[PDB]
Amino acid sequence: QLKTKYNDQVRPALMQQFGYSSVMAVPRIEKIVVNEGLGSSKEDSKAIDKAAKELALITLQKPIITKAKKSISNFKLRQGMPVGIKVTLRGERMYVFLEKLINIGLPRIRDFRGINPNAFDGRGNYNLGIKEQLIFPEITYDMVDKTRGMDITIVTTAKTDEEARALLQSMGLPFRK
Amino acid sequence: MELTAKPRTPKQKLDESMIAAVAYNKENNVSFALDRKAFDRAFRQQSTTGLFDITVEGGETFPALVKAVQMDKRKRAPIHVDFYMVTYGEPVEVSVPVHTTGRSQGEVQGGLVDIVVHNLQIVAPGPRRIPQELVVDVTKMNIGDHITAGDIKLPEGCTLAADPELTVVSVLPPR
Amino acid sequence: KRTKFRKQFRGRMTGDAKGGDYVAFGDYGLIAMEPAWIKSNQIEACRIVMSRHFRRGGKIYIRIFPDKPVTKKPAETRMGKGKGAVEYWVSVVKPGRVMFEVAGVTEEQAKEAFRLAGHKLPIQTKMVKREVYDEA
Amino acid sequence: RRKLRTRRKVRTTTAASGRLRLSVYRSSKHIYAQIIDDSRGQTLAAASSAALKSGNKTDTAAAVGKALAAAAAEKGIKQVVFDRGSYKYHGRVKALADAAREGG
RNA sequence: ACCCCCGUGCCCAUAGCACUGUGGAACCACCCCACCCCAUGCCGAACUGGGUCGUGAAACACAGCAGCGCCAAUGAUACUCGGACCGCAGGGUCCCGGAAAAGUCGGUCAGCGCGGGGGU
Ligand SMILES: [Mg+2]
Ligand SMILES: [Mg+2]
Ligand SMILES: [Mg+2]
Ligand SMILES: [Mg+2]
Ligand SMILES: [Mg+2]
Ligand SMILES: [Mg+2]
Ligand SMILES: [Mg+2]
Ligand SMILES: [Mg+2]
Ligand SMILES: [Mg+2]
Ligand SMILES: [Mg+2]
Ligand SMILES: [Mg+2]
Ligand SMILES: [Mg+2]
Ligand SMILES: [Mg+2]
Ligand SMILES: [Mg+2]
Ligand SMILES: [Mg+2]
């Protein structure tokens, strides 16, 4: 399937590009992650279903309401209030989302020149940060009430930034040369 | 040098003001006691880098480095000493005085040199070839410069036991 | 001088000091011989004297510090409510404790500076150059 | 995964007074079982399934319980503890139980 | 009898961490699949249910090693039961037993059972 074309397109391609004794030693993808974070300044109980609906429709999975850590502060910080929207994608659905990005999230972009190339972790396996929601295959501005922005971390069992770099490059991620 | 007794009882030691002592290593850590004034002339002549021979009234000389003295807080006099018997592999982590050479050009325009670390503990000095001092030329230094351990030159077979980046001597401004 | 800190008031007794019998910083050091409190302005007068004699030059360290609050009941009352809220901060000082130590000044001028500073301290005190030293 | 092991292991050896231990190991296809006399540093009646084979793990393990029930039966085994490792009393180890003491 | 593995205890830092090396078709481990038993306040990641292969990659097991932790003497001192003193006072001394903390010398990367599996 769309994965095994990914692994054998890369798994030999990295075992060929780089020596690893084991097919298990090739970097993989542990999980896609989306932090939504909706209403992190907008205290919208009406919009809690907003981001919940947009995420559950565009992501083929139910989202959880990452509640405020309870570090109440000078500003509008408090314990038990909802503050963000987490969704973890594993396996089949994570591959479907990575394909929706690689085949419609790069066409979706405005003014593309790549994505930022300096790997985020020192351990690798890192996180795209959406700056706008207008151009996703599921996020229509007409059906949507208003524009918003989400987050999409992705984990990889790469041991270094260079290795997940080569893996995410061969897999179909654009790069900012 | 010379020393005689080493009873567990100390009442004899205080009267003739002779310092208490010990000598130890891996094999034998036997305690002893020796004369005071000759010990102080010797400890003046050599510090923690200097060494001397002890001739316990048993007929065999031994070669000792000085390792620690612990003495009276009120009276300034030294109380107790710990000489260290040393095999001729490099003595462990010996301390070396810092000393400055030249008239620094930082001193000539209102500054003054300040030795931020009066002793530097280097590992593997090499016994019998120990550095009894450590000259550092400060003439290049201007006000606000730092001569770190990455500068201090070393003799044979020596490697600094302290972090090289650490500040050693520094010139300082007025006031 | 006064600390910016914690509980207002304390107690009091004595035993010979441990936390600084040896002169780490600098060349020479004046050193206490008696167990008095030292407190604030007594030190600060030592500081201002030595800074007059030496400054434009030299390095002055004050290894002692007014930690301990001391209290005065008001005016003239009977043993009444509680203790008295304020008055002055002190530093306990036991013999062999080092209060002072100069840098970058000739032996003789350090003599004269220690003499001036010690002519206004409750304790008598003795100066020394640093012998051989250990504790690192 | 760790804390549940020592958790049930502390609650087991608290409840252990008189009664013997019965520590089912399940992490592999090795659903070994032992009967340990806490106090004495000894086991007495293990029923490991390295030679046995009956198909699906839930039913293979079933026979292991049965094997064990005969072994302890030859030693005069009253009751026992149970000492689950971390495995949430599920059908394969729940079966090792129903098989152990249905045939005890 | 020798070897090693899987469990499991006594002892729970002299037995722990870091760097390093060695193990796979015995054993364990990752791994494959999952509609259902079962299950994730979303995700089979974890619990969970059916199993090769592949791979020891990671983990785990074992071995090296003293950079880090942890252990830690002797000499002496602090303090002190008891005995007898000094100072106006803060405070100090003497004889007699007890005796640290720290730090130096050094010591360690364990030691001891029960079972079951597989080797020779
Ligand atoms: Mg006292
Ligand atoms: Mg006393
Ligand atoms: Mg100290
Ligand atoms: Mg084991
Ligand atoms: Mg390793
Ligand atoms: Mg084999
Ligand atoms: Mg898996
Ligand atoms: Mg490995
Ligand atoms: Mg002793
Ligand atoms: Mg007595
Ligand atoms: Mg008494
Ligand atoms: Mg005594
Ligand atoms: Mg100790
Ligand atoms: Mg080891
Ligand atoms: Mg055995």
# chains A, B, ... in the order shown; residues from 1 in each chain; ligands from 1
call {"tool": "interface_residues", "arguments": {"of": "chain D", "to": "chain E", "cutoff": "6 Å", "atoms": "only C-alpha atoms (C1' of nucleotides)", "output": "PyMOL selection string"}}
result
chain D and resi 41-43
call {"tool": "interface_residues", "arguments": {"of": "chain E", "to": "chain A", "cutoff": "12 Å", "atoms": "only C-alpha atoms (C1' of nucleotides)", "output": "PyMOL selection string"}}
result
chain E and resi 30-31+40-45+54-58
call {"tool": "interface_residues", "arguments": {"of": "chain C", "to": "chain E", "cutoff": "9 Å", "atoms": "only C-alpha atoms (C1' of nucleotides)", "output": "PDB file with N, CA, C and O atoms, in the first residue's frame"}}
result
ATOM      1  N   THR C  14      27.863  31.436  72.319  1.00  0.00           N
ATOM      2  CA  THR C  14      29.167  31.482  71.654  1.00  0.00           C
ATOM      3  C   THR C  14      29.956  30.156  71.713  1.00  0.00           C
ATOM      4  O   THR C  14      29.718  29.275  72.549  1.00  0.00           O
ATOM      5  N   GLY C  15      30.883  30.027  70.751  1.00  0.00           N
ATOM      6  CA  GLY C  15      31.909  29.003  70.634  1.00  0.00           C
ATOM      7  C   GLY C  15      32.866  29.363  69.505  1.00  0.00           C
ATOM      8  O   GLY C  15      32.452  30.025  68.546  1.00  0.00           O
ATOM      9  N   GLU C  34      38.816  37.860  69.709  1.00  0.00           N
ATOM     10  CA  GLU C  34      37.831  37.879  70.778  1.00  0.00           C
ATOM     11  C   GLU C  34      36.434  37.676  70.213  1.00  0.00           C
ATOM     12  O   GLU C  34      36.172  37.981  69.047  1.00  0.00           O
ATOM     13  N   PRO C  35      35.513  37.200  71.028  1.00  0.00           N
ATOM     14  CA  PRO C  35      34.237  36.674  70.515  1.00  0.00           C
ATOM     15  C   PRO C  35      33.067  37.649  70.454  1.00  0.00           C
ATOM     16  O   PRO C  35      31.900  37.249  70.566  1.00  0.00           O
ATOM     17  N   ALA C  36      33.351  38.922  70.255  1.00  0.00           N
ATOM     18  CA  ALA C  36      32.284  39.904  70.267  1.00  0.00           C
ATOM     19  C   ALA C  36      31.431  39.800  69.004  1.00  0.00           C
ATOM     20  O   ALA C  36      31.807  39.167  68.018  1.00  0.00           O
ATOM     21  N   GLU C 135      42.973  23.696  51.802  1.00  0.00           N
ATOM     22  CA  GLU C 135      41.512  23.816  51.850  1.00  0.00           C
ATOM     23  C   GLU C 135      41.020  24.369  50.509  1.00  0.00           C
ATOM     24  O   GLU C 135      40.840  25.583  50.352  1.00  0.00           O
TER      25      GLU C 135
END
call {"tool": "closest_residue", "arguments": {"among": "E:75, E:102, E:107, E:88", "to": "ligand 3", "atoms": "only C-alpha atoms (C1' of nucleotides) and all ligand atoms"}}
result
E:102
call {"tool": "residues_near_ligand", "arguments": {"ligand": "ligand 13", "cutoff": "10 Å", "atoms": "only C-alpha atoms (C1' of nucleotides) and all ligand atoms", "output": "PDB file with N, CA and C atoms (P, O5', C5', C4', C3', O3' and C1' of nucleotides), in the first residue's frame"}}
result
ATOM      1  P     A E  72      29.980   4.492  54.811  1.00  0.00           P
ATOM      2  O5'   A E  72      31.554   4.737  54.859  1.00  0.00           O
ATOM      3  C5'   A E  72      32.430   3.689  55.244  1.00  0.00           C
ATOM      4  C4'   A E  72      33.823   3.896  54.710  1.00  0.00           C
ATOM      5  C3'   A E  72      34.605   5.049  55.310  1.00  0.00           C
ATOM      6  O3'   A E  72      35.220   4.691  56.529  1.00  0.00           O
ATOM      7  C1'   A E  72      34.835   5.047  52.950  1.00  0.00           C
ATOM      8  P     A E  73      35.013   5.609  57.822  1.00  0.00           P
ATOM      9  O5'   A E  73      36.176   6.690  57.703  1.00  0.00           O
ATOM     10  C5'   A E  73      37.398   6.518  58.400  1.00  0.00           C
ATOM     11  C4'   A E  73      37.994   5.155  58.151  1.00  0.00           C
ATOM     12  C3'   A E  73      39.142   4.769  59.078  1.00  0.00           C
ATOM     13  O3'   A E  73      38.678   4.206  60.300  1.00  0.00           O
ATOM     14  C1'   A E  73      39.780   4.397  56.825  1.00  0.00           C
ATOM     15  P     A E 100      34.705   7.819  66.652  1.00  0.00           P
ATOM     16  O5'   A E 100      33.678   8.537  65.684  1.00  0.00           O
ATOM     17  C5'   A E 100      33.936   9.850  65.230  1.00  0.00           C
ATOM     18  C4'   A E 100      32.688  10.682  65.277  1.00  0.00           C
ATOM     19  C3'   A E 100      32.294  11.350  63.971  1.00  0.00           C
ATOM     20  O3'   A E 100      31.618  10.478  63.081  1.00  0.00           O
ATOM     21  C1'   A E 100      32.217  12.937  65.718  1.00  0.00           C
ATOM     22  P     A E 101      31.967  10.536  61.517  1.00  0.00           P
ATOM     23  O5'   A E 101      31.573  12.031  61.130  1.00  0.00           O
ATOM     24  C5'   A E 101      30.216  12.450  61.140  1.00  0.00           C
ATOM     25  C4'   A E 101      30.089  13.875  60.685  1.00  0.00           C
ATOM     26  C3'   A E 101      30.824  14.224  59.400  1.00  0.00           C
ATOM     27  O3'   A E 101      30.071  13.903  58.240  1.00  0.00           O
ATOM     28  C1'   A E 101      31.356  15.803  61.059  1.00  0.00           C
ATOM     29  P     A E 102      30.694  13.039  57.035  1.00  0.00           P
ATOM     30  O5'   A E 102      31.762  14.022  56.381  1.00  0.00           O
ATOM     31  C5'   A E 102      31.333  15.225  55.760  1.00  0.00           C
ATOM     32  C4'   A E 102      32.367  16.322  55.848  1.00  0.00           C
ATOM     33  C3'   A E 102      33.633  16.136  55.025  1.00  0.00           C
ATOM     34  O3'   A E 102      33.468  16.400  53.643  1.00  0.00           O
ATOM     35  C1'   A E 102      34.198  16.892  57.186  1.00  0.00           C
ATOM     36  P     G E 103      33.806  15.235  52.591  1.00  0.00           P
ATOM     37  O5'   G E 103      35.388  15.327  52.419  1.00  0.00           O
ATOM     38  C5'   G E 103      35.999  16.531  51.976  1.00  0.00           C
ATOM     39  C4'   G E 103      37.390  16.682  52.539  1.00  0.00           C
ATOM     40  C3'   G E 103      38.357  15.554  52.224  1.00  0.00           C
ATOM     41  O3'   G E 103      38.935  15.642  50.940  1.00  0.00           O
ATOM     42  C1'   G E 103      38.444  15.997  54.514  1.00  0.00           C
ATOM     43  P     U E 104      39.126  14.303  50.084  1.00  0.00           P
ATOM     44  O5'   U E 104      40.532  13.725  50.564  1.00  0.00           O
ATOM     45  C5'   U E 104      41.732  14.457  50.350  1.00  0.00           C
ATOM     46  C4'   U E 104      42.896  13.836  51.083  1.00  0.00           C
ATOM     47  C3'   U E 104      43.248  12.422  50.680  1.00  0.00           C
ATOM     48  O3'   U E 104      44.012  12.352  49.502  1.00  0.00           O
ATOM     49  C1'   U E 104      43.128  12.527  53.014  1.00  0.00           C
TER      50        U E 104
END
call {"tool": "residues_around", "arguments": {"residues": "residue 152 of chain A", "least_positions_apart": "6", "cutoff": "8 Å", "atoms": "only C-alpha atoms (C1' of nucleotides)", "output": "PyMOL selection string"}}
result
chain A and resi 32-36+127-130
call {"tool": "closest_atom_pairs", "arguments": {"of": "chain C", "to": "chain B", "cutoff": "10 Å", "atoms": "only C-alpha atoms", "output": "Markdown table"}}
result
| residue | atom | partner | partner_atom | distance |
| --- | --- | --- | --- | --- |
| C:16 | CA | B:73 | CA | 8.3 |
| C:17 | CA | B:73 | CA | 8.1 |
| C:18 | CA | B:73 | CA | 8.1 |
| C:20 | CA | B:73 | CA | 9.5 |
| C:21 | CA | B:73 | CA | 6.2 |
| C:22 | CA | B:73 | CA | 8.8 |
| C:24 | CA | B:118 | CA | 8.1 |
| C:25 | CA | B:116 | CA | 7.6 |
| C:26 | CA | B:114 | CA | 8.1 |
| C:27 | CA | B:118 | CA | 9.5 |
| C:31 | CA | B:74 | CA | 9.8 |
| C:32 | CA | B:74 | CA | 9.0 |
| C:33 | CA | B:74 | CA | 7.0 |
| C:34 | CA | B:74 | CA | 9.4 |
| C:51 | CA | B:175 | CA | 9.1 |
| C:54 | CA | B:175 | CA | 9.4 |
| C:55 | CA | B:175 | CA | 6.1 |
| C:56 | CA | B:175 | CA | 5.2 |
| C:57 | CA | B:175 | CA | 6.0 |
| C:58 | CA | B:175 | CA | 7.5 |
| C:59 | CA | B:175 | CA | 7.9 |
| C:60 | CA | B:175 | CA | 9.6 |
| C:94 | CA | B:74 | CA | 8.9 |
| C:95 | CA | B:74 | CA | 5.5 |
| C:96 | CA | B:73 | CA | 4.8 |
| C:97 | CA | B:73 | CA | 7.8 |
| C:103 | CA | B:114 | CA | 7.7 |
| C:104 | CA | B:112 | CA | 7.0 |
| C:105 | CA | B:112 | CA | 10.0 |
| C:128 | CA | B:76 | CA | 9.3 |
| C:131 | CA | B:44 | CA | 8.4 |
| C:132 | CA | B:47 | CA | 6.6 |
| C:133 | CA | B:69 | CA | 8.3 |
| C:134 | CA | B:68 | CA | 6.6 |
| C:135 | CA | B:68 | CA | 8.6 |
| C:136 | CA | B:119 | CA | 8.8 |
call {"tool": "select_by_dssp", "arguments": {"residues": "chain C", "states": "strand (DSSP E or B)", "output": "PyMOL selection string"}}
result
chain C and resi 28-32+37+59-62+68-71+87-90+92+98+100-103+125-129
call {"tool": "write_last_selection", "arguments": {"atoms": "N, CA and C atoms", "output": "short mmCIF file (atom, residue, chain, number, x, y, z; two decimals), in the first residue's frame"}}
result
data_model
loop_
_atom_site.label_atom_id
_atom_site.label_comp_id
_atom_site.auth_asym_id
_atom_site.auth_seq_id
_atom_site.Cartn_x
_atom_site.Cartn_y
_atom_site.Cartn_z
N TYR C 28 47.37 39.78 52.48
CA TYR C 28 47.40 39.87 53.93
C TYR C 28 46.00 39.86 54.51
N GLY C 29 45.93 39.60 55.82
CA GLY C 29 44.67 39.63 56.52
C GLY C 29 44.73 39.96 58.01
N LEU C 30 43.97 40.96 58.44
CA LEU C 30 43.67 41.17 59.85
C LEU C 30 42.64 40.15 60.33
N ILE C 31 42.73 39.77 61.61
CA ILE C 31 41.99 38.62 62.09
C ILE C 31 41.62 38.82 63.55
N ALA C 32 40.39 38.41 63.89
CA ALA C 32 39.82 38.61 65.22
C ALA C 32 40.42 37.65 66.24
N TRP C 37 30.23 40.36 69.09
CA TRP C 37 29.50 40.82 67.91
C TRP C 37 30.23 42.01 67.27
N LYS C 59 42.73 46.05 46.60
CA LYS C 59 41.47 45.30 46.62
C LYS C 59 41.10 44.99 48.07
N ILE C 60 39.87 45.32 48.44
CA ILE C 60 39.39 45.26 49.81
C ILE C 60 38.27 44.22 49.86
N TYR C 61 38.45 43.17 50.67
CA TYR C 61 37.42 42.15 50.87
C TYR C 61 36.91 42.19 52.30
N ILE C 62 35.61 42.00 52.48
CA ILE C 62 35.00 42.02 53.80
C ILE C 62 34.35 40.66 53.98
N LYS C 68 23.15 38.92 61.95
CA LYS C 68 22.32 38.65 63.12
C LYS C 68 21.61 39.91 63.59
N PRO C 69 20.29 39.95 63.58
CA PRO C 69 19.57 41.08 64.17
C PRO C 69 19.78 41.18 65.68
N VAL C 70 19.79 42.42 66.18
CA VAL C 70 19.79 42.71 67.61
C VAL C 70 18.80 43.82 67.91
N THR C 71 18.18 43.71 69.08
CA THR C 71 16.99 44.44 69.47
C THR C 71 17.22 45.38 70.66
N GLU C 87 17.12 47.48 65.54
CA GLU C 87 18.10 48.33 66.20
C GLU C 87 19.36 48.20 65.39
N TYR C 88 20.02 47.05 65.45
CA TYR C 88 21.16 47.00 64.55
C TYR C 88 21.48 45.55 64.21
N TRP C 89 22.13 45.39 63.07
CA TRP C 89 22.57 44.08 62.62
C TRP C 89 24.04 43.89 62.98
N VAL C 90 24.39 42.65 63.35
CA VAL C 90 25.71 42.30 63.83
C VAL C 90 26.25 41.12 63.04
N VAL C 92 28.55 37.87 64.41
CA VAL C 92 29.33 37.23 65.44
C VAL C 92 30.72 36.95 64.89
N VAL C 98 38.64 35.45 60.04
CA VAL C 98 39.26 36.52 59.27
C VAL C 98 38.18 37.49 58.85
N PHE C 100 39.19 40.75 57.47
CA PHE C 100 39.75 41.64 56.47
C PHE C 100 40.99 41.01 55.86
N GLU C 101 41.38 41.57 54.70
CA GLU C 101 42.45 41.05 53.85
C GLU C 101 42.63 41.96 52.63
N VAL C 102 43.82 42.52 52.45
CA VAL C 102 44.05 43.46 51.39
C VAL C 102 44.65 42.73 50.19
N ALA C 103 44.68 43.42 49.05
CA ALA C 103 45.36 42.93 47.85
C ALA C 103 46.09 44.09 47.20
N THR C 125 42.82 42.65 67.79
CA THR C 125 42.97 41.76 66.65
C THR C 125 44.42 41.76 66.18
N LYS C 126 44.81 40.67 65.53
CA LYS C 126 46.17 40.50 65.02
C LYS C 126 46.13 40.29 63.52
N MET C 127 47.10 40.87 62.82
CA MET C 127 47.26 40.71 61.38
C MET C 127 48.28 39.61 61.09
N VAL C 128 48.19 39.06 59.88
CA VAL C 128 49.17 38.09 59.40
C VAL C 128 49.20 38.13 57.87
N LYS C 129 50.37 37.83 57.30
CA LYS C 129 50.46 37.33 55.94
C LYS C 129 50.12 35.84 55.93
#
call {"tool": "atom_distance", "arguments": {"atom1": "atom CA of residue 20 of chain D", "atom2": "atom CA of residue 101 of chain D"}}
result
13.8 Å
call {"tool": "residues_around", "arguments": {"residues": "residue 134 of chain B", "least_positions_apart": "2", "cutoff": "9 Å", "atoms": "only C-alpha atoms (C1' of nucleotides)", "output": "list in words"}}
result
residues 96, 97, 98, 99, 100, 120, 131, 132, 136, 152, 153 and 154 of chain B
call {"tool": "write_last_selection", "arguments": {"atoms": "C-alpha atoms", "output": "PDB file, in the first residue's frame"}}
result
ATOM      1  CA  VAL B  96      51.276  24.304  42.487  1.00  0.00           C
ATOM      2  CA  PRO B  97      51.619  27.994  43.438  1.00  0.00           C
ATOM      3  CA  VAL B  98      50.819  30.612  40.805  1.00  0.00           C
ATOM      4  CA  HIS B  99      53.386  33.390  40.405  1.00  0.00           C
ATOM      5  CA  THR B 100      53.523  36.303  37.982  1.00  0.00           C
ATOM      6  CA  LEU B 120      46.459  25.359  40.760  1.00  0.00           C
ATOM      7  CA  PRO B 131      56.858  21.940  39.718  1.00  0.00           C
ATOM      8  CA  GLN B 132      57.868  23.921  42.806  1.00  0.00           C
ATOM      9  CA  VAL B 136      53.032  33.219  34.231  1.00  0.00           C
ATOM     10  CA  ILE B 152      49.455  28.378  31.732  1.00  0.00           C
ATOM     11  CA  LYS B 153      52.367  26.469  30.218  1.00  0.00           C
ATOM     12  CA  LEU B 154      53.398  23.205  31.805  1.00  0.00           C
TER      13      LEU B 154
END
call {"tool": "atom_distance", "arguments": {"atom1": "atom CA of residue 11 of chain A", "atom2": "atom CA of residue 172 of chain A"}}
result
13.9 Å
call {"tool": "select_by_dssp", "arguments": {"residues": "chain C", "states": "helix (DSSP H, G or I)", "output": "ChimeraX atom specification"}}
result
/C:41-54,107-118
call {"tool": "atom_distance", "arguments": {"atom1": "atom CA of residue 6 of chain D", "atom2": "atom CA of residue 77 of chain D"}}
result
25.2 Å
call {"tool": "residues_around", "arguments": {"residues": "residue 118 of chain A", "least_positions_apart": "4", "cutoff": "12 Å", "atoms": "only C-alpha atoms (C1' of nucleotides)", "output": "PDB file with C-alpha atoms, in the first residue's frame"}}
result
ATOM      1  CA  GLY A 114      10.056  24.533   0.999  1.00  0.00           C
ATOM      2  CA  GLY A 122      18.602  17.485  18.397  1.00  0.00           C
ATOM      3  CA  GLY A 124      15.361  14.509  15.186  1.00  0.00           C
ATOM      4  CA  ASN A 125      11.748  13.580  14.605  1.00  0.00           C
ATOM      5  CA  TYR A 126      10.079  16.981  14.478  1.00  0.00           C
ATOM      6  CA  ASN A 127       6.946  19.033  14.039  1.00  0.00           C
ATOM      7  CA  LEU A 128       5.478  21.115  11.244  1.00  0.00           C
ATOM      8  CA  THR A 160      19.916  12.353  14.368  1.00  0.00           C
ATOM      9  CA  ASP A 161      18.510  15.384  12.567  1.00  0.00           C
ATOM     10  CA  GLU A 162      20.437  14.494   9.403  1.00  0.00           C
ATOM     11  CA  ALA A 164      15.252  12.053   9.638  1.00  0.00           C
ATOM     12  CA  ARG A 165      16.156  14.894   7.265  1.00  0.00           C
ATOM     13  CA  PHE A 175      12.669  21.395   1.665  1.00  0.00           C
ATOM     14  CA  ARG A 176      13.765  25.056   1.750  1.00  0.00           C
ATOM     15  CA  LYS A 177      17.105  24.673  -0.025  1.00  0.00           C
TER      16      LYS A 177
END
call {"tool": "closest_atom_pairs", "arguments": {"of": "chain E", "to": "ligand 14", "cutoff": "10 Å", "atoms": "only C-alpha atoms (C1' of nucleotides) and all ligand atoms", "output": "tab-separated table"}}
result
residue	atom	partner	partner_atom_place_in_ligand_line	distance
E:62	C1'	ligand 14	1 (Mg)	8.3
E:63	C1'	ligand 14	1 (Mg)	7.5
E:64	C1'	ligand 14	1 (Mg)	8.3
E:65	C1'	ligand 14	1 (Mg)	9.2
E:109	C1'	ligand 14	1 (Mg)	5.9
E:110	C1'	ligand 14	1 (Mg)	9.9
call {"tool": "write_last_selection", "arguments": {"atoms": "N, CA and C atoms (P, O5', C5', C4', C3', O3' and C1' of nucleotides)", "output": "PDB file, in the first residue's frame"}}
result
ATOM      1  P     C E  62      22.529 -10.146  33.627  1.00  0.00           P
ATOM      2  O5'   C E  62      23.727 -10.421  32.613  1.00  0.00           O
ATOM      3  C5'   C E  62      24.302 -11.714  32.516  1.00  0.00           C
ATOM      4  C4'   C E  62      25.503 -11.697  31.614  1.00  0.00           C
ATOM      5  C3'   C E  62      26.694 -10.894  32.109  1.00  0.00           C
ATOM      6  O3'   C E  62      27.506 -11.650  32.995  1.00  0.00           O
ATOM      7  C1'   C E  62      26.266 -10.438  29.813  1.00  0.00           C
ATOM      8  P     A E  63      28.698 -10.954  33.817  1.00  0.00           P
ATOM      9  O5'   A E  63      29.637 -10.337  32.684  1.00  0.00           O
ATOM     10  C5'   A E  63      30.655 -11.121  32.074  1.00  0.00           C
ATOM     11  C4'   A E  63      31.544 -10.304  31.162  1.00  0.00           C
ATOM     12  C3'   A E  63      32.246  -9.103  31.776  1.00  0.00           C
ATOM     13  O3'   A E  63      33.405  -9.461  32.505  1.00  0.00           O
ATOM     14  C1'   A E  63      31.340  -8.517  29.666  1.00  0.00           C
ATOM     15  P     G E  64      34.116  -8.389  33.470  1.00  0.00           P
ATOM     16  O5'   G E  64      34.635  -7.247  32.477  1.00  0.00           O
ATOM     17  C5'   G E  64      35.847  -7.394  31.744  1.00  0.00           C
ATOM     18  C4'   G E  64      36.151  -6.177  30.896  1.00  0.00           C
ATOM     19  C3'   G E  64      36.581  -4.913  31.634  1.00  0.00           C
ATOM     20  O3'   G E  64      37.964  -4.924  31.956  1.00  0.00           O
ATOM     21  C1'   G E  64      34.994  -4.381  29.941  1.00  0.00           C
ATOM     22  P     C E  65      38.475  -4.511  33.425  1.00  0.00           P
ATOM     23  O5'   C E  65      38.232  -2.934  33.494  1.00  0.00           O
ATOM     24  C5'   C E  65      38.945  -2.054  32.634  1.00  0.00           C
ATOM     25  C4'   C E  65      38.252  -0.724  32.472  1.00  0.00           C
ATOM     26  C3'   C E  65      38.101   0.096  33.735  1.00  0.00           C
ATOM     27  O3'   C E  65      39.293   0.832  34.000  1.00  0.00           O
ATOM     28  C1'   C E  65      36.066   0.118  32.464  1.00  0.00           C
ATOM     29  P     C E 109      34.047  -4.254  41.221  1.00  0.00           P
ATOM     30  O5'   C E 109      33.021  -3.832  40.080  1.00  0.00           O
ATOM     31  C5'   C E 109      31.663  -4.236  40.147  1.00  0.00           C
ATOM     32  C4'   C E 109      30.717  -3.116  39.780  1.00  0.00           C
ATOM     33  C3'   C E 109      30.055  -3.209  38.412  1.00  0.00           C
ATOM     34  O3'   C E 109      28.962  -4.114  38.401  1.00  0.00           O
ATOM     35  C1'   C E 109      30.756  -0.965  38.843  1.00  0.00           C
ATOM     36  P     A E 110      29.172  -5.659  38.031  1.00  0.00           P
ATOM     37  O5'   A E 110      29.307  -6.395  39.447  1.00  0.00           O
ATOM     38  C5'   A E 110      28.240  -6.404  40.395  1.00  0.00           C
ATOM     39  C4'   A E 110      28.724  -6.681  41.810  1.00  0.00           C
ATOM     40  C3'   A E 110      28.568  -8.109  42.322  1.00  0.00           C
ATOM     41  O3'   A E 110      29.633  -8.941  41.911  1.00  0.00           O
ATOM     42  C1'   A E 110      27.819  -6.575  43.976  1.00  0.00           C
TER      43        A E 110
END
call {"tool": "interface_residues", "arguments": {"of": "chain B", "to": "chain E", "cutoff": "12 Å", "atoms": "only C-alpha atoms (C1' of nucleotides)", "output": "ChimeraX atom specification"}}
result
/B:6-11,19-33,66-74,78-86,92
call {"tool": "residues_around", "arguments": {"residues": "segment 63-67 of chain D", "least_positions_apart": "3", "cutoff": "10 Å", "atoms": "only C-alpha atoms (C1' of nucleotides)", "output": "ChimeraX atom specification"}}
result
/D:24,31-33,45-50,52-54,58-60,70-73,93-104
call {"tool": "write_last_selection", "arguments": {"atoms": "C-alpha atoms", "output": "short mmCIF file (atom, residue, chain, number, x, y, z; two decimals), in the first residue's frame"}}
result
data_model
loop_
_atom_site.label_atom_id
_atom_site.label_comp_id
_atom_site.auth_asym_id
_atom_site.auth_seq_id
_atom_site.Cartn_x
_atom_site.Cartn_y
_atom_site.Cartn_z
CA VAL D 24 2.17 -16.39 35.92
CA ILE D 31 3.25 -18.50 29.78
CA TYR D 32 5.36 -20.17 32.46
CA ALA D 33 3.88 -20.47 35.93
CA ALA D 45 5.76 -26.73 41.31
CA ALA D 46 6.44 -24.83 38.08
CA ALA D 47 4.40 -25.63 34.96
CA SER D 48 6.13 -23.99 31.98
CA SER D 49 4.90 -24.63 28.44
CA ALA D 50 8.03 -24.91 26.31
CA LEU D 52 3.31 -28.14 25.12
CA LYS D 53 1.36 -26.82 22.13
CA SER D 54 -2.42 -26.56 21.71
CA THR D 58 -5.47 -18.57 25.22
CA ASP D 59 -6.07 -22.33 24.94
CA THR D 60 -2.41 -23.41 24.91
CA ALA D 70 -1.67 -31.80 38.82
CA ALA D 71 1.88 -30.97 39.93
CA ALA D 72 0.92 -29.04 43.04
CA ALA D 73 -1.79 -31.61 43.65
CA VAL D 93 -4.23 -15.71 32.07
CA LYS D 94 -7.82 -15.80 33.32
CA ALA D 95 -7.92 -19.12 31.50
CA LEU D 96 -4.69 -20.23 33.12
CA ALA D 97 -6.52 -19.61 36.38
CA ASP D 98 -9.80 -21.30 35.57
CA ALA D 99 -7.68 -24.22 34.31
CA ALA D 100 -5.42 -24.21 37.36
CA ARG D 101 -8.03 -24.38 40.08
CA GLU D 102 -10.87 -26.01 38.21
CA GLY D 103 -8.52 -29.01 38.25
CA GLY D 104 -6.66 -28.34 41.50
#
